[PDB]
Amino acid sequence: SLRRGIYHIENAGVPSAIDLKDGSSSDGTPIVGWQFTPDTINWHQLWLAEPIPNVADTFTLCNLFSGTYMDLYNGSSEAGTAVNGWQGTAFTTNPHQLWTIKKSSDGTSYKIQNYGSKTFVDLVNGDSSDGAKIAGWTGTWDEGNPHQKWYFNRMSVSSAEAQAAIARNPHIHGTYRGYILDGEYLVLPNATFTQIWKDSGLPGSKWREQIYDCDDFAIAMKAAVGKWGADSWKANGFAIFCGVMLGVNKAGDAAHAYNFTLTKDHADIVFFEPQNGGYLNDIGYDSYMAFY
């Protein structure tokens, strides 16, 4: 079962992602195949998959940027029927916006079936060009046809996953306590994490004893990532990953406040120094408290 989360959905035959054209929130905006850049935010190509209660392997798919939903036009089972962005809600009963998502016969990619029509999401002709039509099409669950197979590249972590990555880290103090604030988090490439840091004004901030010292830099970075998230995305039901940590050095006589993010494989944390933009596997401190 596909987990609740944010996905970049990539065709299995050609390197085209499921893209809501121009990120537009208009009803009837085409969903199309489009090329992508790895290790970036692909602004029109992120999809929040929300499981429907008691309806096995079935989801709404909400574009993270537009807040509108993947919609099979009038629910038609006719092959070639347009797939578009359309207004909706996370737990809608409109079958046009409900999608059963299960592993394909290659066991890695998925097929995406409309719950009402029983047709599948199809990159028409396998066309690799930017703006290629995606449509609902006749098919089967087991066939090999790559036009209807899709890698769900997971871009978020659950809170349990984030906690797991922290608990793997060797620089955690014995007295550590962690405070979880949300449920599901977009993990940022470092290029983006750094951009938010730059755009916050923190690179220009001077360290000043107590009035703007390490704890202020760290809390300000976290607030800047929270503001970026709300100002950047129209969908709801997720947060952006940026932690704050307090830590103590090995001698026990100095403490520090700093940020952390997650590795690209989502398995480990990496520390960020908000006073200079540096990423570190070892910041010189063991964390006694985190919130994220």
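Note that the rigid core is defined as the largest set of C-alphas that superpose within 1.5 Å between two forms. In this text, residue numbers run from 1 along the sequence as written.
Which of the two stretches, 167-175 or 185-193, moves more in 4 other deposited structures of this protein when the core is held fixed, judged by C-alpha RMS distance? It is 167-175 that deviates more in 4 other deposited structures of this protein.
Greater root mean square CA deviation, 241-249 compared with 24-32 in 4 other deposited structures of this protein, core aligned: It is 241-249 that deviates more in 4 other deposited structures of this protein.
Please work out which of 5-13 and 276-284 has the higher mean CA B-factor as recorded in the PDB entry. Averaged over C-alpha atoms, the B-factors run higher in 276-284.
Quick check on the record: does 210-218 or 162-170 carry the larger mean Cα temperature factor? Looking at the recorded C-alpha B-factors, 162-170 comes out higher on average.
Out of 30, 53, 33, 229, highest CA B-factor residue: Of 30, 53, 33, 229, 53 has the highest C-alpha B-factor.
Highest-ranked of 131, 126, 85, 201 once sorted by CA temperature factor in the record: Most elevated C-alpha B-factor of the set, per the entry: 201.
Sorting the chain's CA B-factors, does residue 191 end up in the lowest, middle or highest third? According to the entry, residue 191 has a C-alpha B-factor in the chain's highest third.
Ordered by C-alpha B-factor within the chain, which third holds residue 267? Give me lowest, middle or highest, please. Tercile = highest for this residue's CA B-factor.
Looking at the C-alpha B-factor of residue 254, is it in the lowest, middle or highest third of its chain? Highest third - that is where residue 254 ends up once the chain's C-alpha B-factors are sorted.
Third of the chain, ranked by Cα B-factor, where residue 152 sits: For residue 152, the deposited C-alpha B-factor lands in the lowest third.
Would you mind checking where the Cα B-factor of residue 205 ranks among the modelled residues of its chain, as the lowest, middle or highest third? It belongs to the middle third of the chain when residues are ordered by C-alpha B-factor.
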